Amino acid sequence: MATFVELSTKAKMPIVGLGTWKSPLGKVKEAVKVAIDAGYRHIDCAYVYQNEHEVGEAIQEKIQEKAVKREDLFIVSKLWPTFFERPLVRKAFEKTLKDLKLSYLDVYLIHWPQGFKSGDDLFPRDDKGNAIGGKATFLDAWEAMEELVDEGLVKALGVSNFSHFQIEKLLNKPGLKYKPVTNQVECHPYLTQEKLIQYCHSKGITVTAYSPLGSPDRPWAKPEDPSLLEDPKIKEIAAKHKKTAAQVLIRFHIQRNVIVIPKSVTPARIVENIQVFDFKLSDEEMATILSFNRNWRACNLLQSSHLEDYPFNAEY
């Protein structure tokens, strides 16, 4: 059973969650079932993954069979940037909630800070593959999302892939009702996010680390890309504890009080990824791992660098 990170709202977010990004239909339902059986309570979802309906089915099964109560689950989803225009925030949220078969979400995140062309083409692009921008901004979206919290449909709001510049732009908006409770970003020993975590924490904002294993499966993997699971120095630390490299990579975030969401649909791995509360990385081991920073992003996907609120140019 995972420990928790307390949010600014006093809600308790389980520090390990199950990721569902790229989890196929016909596997994601069983993945969520196995996860809940293994003690996972936090499940990370998104509209853009187009699998929320099967996640919802799995959650419903486990609740009606008394494996878990809704109050003890922590379900997070995300608003895609083709839906930043006011009425579409509502409609997109409604489809997410309907697919998940839930009555509320625990956290609802802005998935990406730059708005795209409004509509149900999720990846509007030109001939070169560059994203087509839209005029509604993440602040427009936030305004619409705040109603969901007013109505009890969402317990807390947060952001994802935001730089500290964009969080500042959000935090400094006059007339804000609700503040972000987390910033979900890529984080692992090759991209340690030291300044962003320090910034976020200084503002009472948690960090959720995605791609903690370096996302070995990503199709865009260049053969020369670095490989965390095969890194001899990560492997050394795992051997010392008779744990796997994956378990070290996950425990690394836990000891920084950072929430972490490893994705898997393989039952053995799902179980493995939450067996991280029976060992401790020492101070030297933590320091060694931090020294691996290469400022390397696996997940730079959006050729949206030409659009206004691009997160990945700033230092942090």
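Don't overthink the numbering: it's just position in the shown sequence, from 1. Under this definition, the rigid core comprises the largest set of C-alpha atoms superposing within 1.5 Å between the forms.
Of the two segments 217-225 and 159-167, the one whose CA positions lie farther from the displayed form in 4 other deposited structures of this protein, once all are superposed on the rigid core, is 217-225. Remark: stretch with higher mean C-alpha B factor among 50-58 and 33-41 is 33-41. According to the PDB record, 194-202 carries the higher mean C-alpha B-factor of the two stretches 194-202 and 107-115.
Comparing the C-alpha B-factors of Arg269, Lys27, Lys66, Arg256 in the entry, the top value falls on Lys66. You'll see in the entry that, of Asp99, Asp127, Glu186, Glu230, the Cα B factor peaks at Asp127.
Among all modelled residues in this chain, the alpha-carbon of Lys173 has a temperature factor (C-alpha) in the highest third.
Sort the modelled residues of the chain by CA B factor and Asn295 lands in the highest third. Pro87 sits in the highest third of its chain by CA B factor, as recorded in the PDB entry. Among all modelled residues in this chain, the alpha-carbon of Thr137 has a temperature factor (C-alpha) in the middle third. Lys235: CA B factor lies in the middle third for its chain, per the PDB record.
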